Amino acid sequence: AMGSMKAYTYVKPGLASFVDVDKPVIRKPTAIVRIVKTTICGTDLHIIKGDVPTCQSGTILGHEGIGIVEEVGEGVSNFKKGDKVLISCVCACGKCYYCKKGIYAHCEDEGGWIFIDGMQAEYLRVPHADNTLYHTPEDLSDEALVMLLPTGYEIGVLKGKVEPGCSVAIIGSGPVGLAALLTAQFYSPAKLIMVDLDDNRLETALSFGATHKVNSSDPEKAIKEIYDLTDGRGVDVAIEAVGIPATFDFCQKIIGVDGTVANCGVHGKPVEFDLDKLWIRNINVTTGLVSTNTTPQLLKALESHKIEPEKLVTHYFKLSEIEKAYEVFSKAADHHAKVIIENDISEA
């Protein structure tokens, strides 16, 4: 039709559909972006399953991407038509109680993690464009820019207080765990211990710069092994990158005196916190939703080629083949699979 675009929409628990929808338009004076490349997040799989029921039926999925500005409102000053830009997963009005703190995850004025229609479509309405878009450096690859990584860094690495010479364990060697692994190396920890059940993912973790792998198939033997690597003291940081009670439980068994369990993942159930044992251990437990306030610092730390996040990307698809992209991602272990999805539909 006319004025329409293609988009991947959530329908109901167990059903998403590549369909025609209206092209978005400017609704407020603070942009419309043409998506160039996007990806899928584990949370998108959860939405389709029905485990994020605040996602209304018909919503366009996805909250990761780069694109090209097509139109801006009267109140947009630092971006114009034609600008190649990165879109953060979090919208920030820049003025409210939480934006003034840099906690864009909890912006109170059409803010936070809302990608409203998301990025698995041809065009995207971006609220608060001046605070949600970033000009992209020409030195970085598209695959690395779509990864902008801030989840692993802000929620796994910074809240965990990784520092040179400390001992880190990362629980869960899927995409968010690997992203935390890459950015934890900005702080040169002595030990980066990847813990997982799958040996293929652990082998990839060593490729990405983990110093040791521990297979959690025998939990007791893994706990022993981690205490053996830390001279009986346990780790200074345990990054929980899976989001189930078992991984949270593992983290609380290996954390040492003064250490931090940094939770990254969504949890769908409450967990049993062993305060009877840990009240005396001087430990911390942190949570958070990414804000992306560090995106400028990560851009700087990537143009220098400290780490190369483009190695998170393993499979390439066209937007019109987004159904296939979901099939590969949801069965990532079968394919040794992050995917990148390129807009093969839109014209300039």
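One rule holds for the numbers: they count along the sequence shown, beginning at 1.
Undergrad: Indicate whether the chain is continuous between residue 115 and residue 116 or, if not, how many deposited residues are absent from the coordinates: none, 1 to 3, 4 to 9, or 10 or more.
TA: Gap between residue 115 and residue 116: 1 to 3 residues without coordinates.
Undergrad: Answer with none, 1 to 3, 4 to 9, or 10 or more: how many deposited residues between residue 30 and residue 31 are not present in the coordinates.
TA: The entry has 1 to 3 unmodelled residues between residue 30 and residue 31.
Undergrad: Could you settle it for me: does 309-317 or 285-293 have the higher average Cα B factor in the PDB entry?
TA: The deposited B-factors put 309-317 ahead on the C-alpha mean.
Undergrad: On average, are the C-alpha B-factors higher in 133-141 or in 119-127?
TA: Result: 133-141.
Undergrad: Based on the PDB record, which member of 216, 260, 167, 211 exhibits the highest Cα temperature factor?
TA: The listed residue with the largest C-alpha B-factor is 216.
Undergrad: Of the options 154, 225, 236, 163, which has the highest CA B factor as deposited?
TA: Comparing C-alpha B-factors across 154, 225, 236, 163, the maximum falls on 225.
Undergrad: What third of its chain, lowest, middle or highest, does the C-alpha temperature factor of residue 65 fall into?
TA: Answer is lowest: the recorded C-alpha B-factor places it there.
Undergrad: Tell me, lowest, middle or highest third: where does the Cα B factor of residue 47 rank within its chain?
TA: It belongs to the middle third of the chain when residues are ordered by C-alpha B-factor.
Undergrad: Divide the modelled residues of the chain into thirds by Cα B-factor and specify which third, lowest, middle or highest, holds residue 304.
TA: For residue 304, the deposited C-alpha B-factor lands in the highest third.
Undergrad: What third of the chain, by the recorded C-alpha B-factor, contains residue 56?
TA: Lowest third - that is where residue 56 ends up once the chain's C-alpha B-factors are sorted.
Undergrad: Among the chain's modelled residues, which third holds the C-alpha B-factor of residue 255?
TA: For residue 255, the deposited C-alpha B-factor lands in the lowest third.
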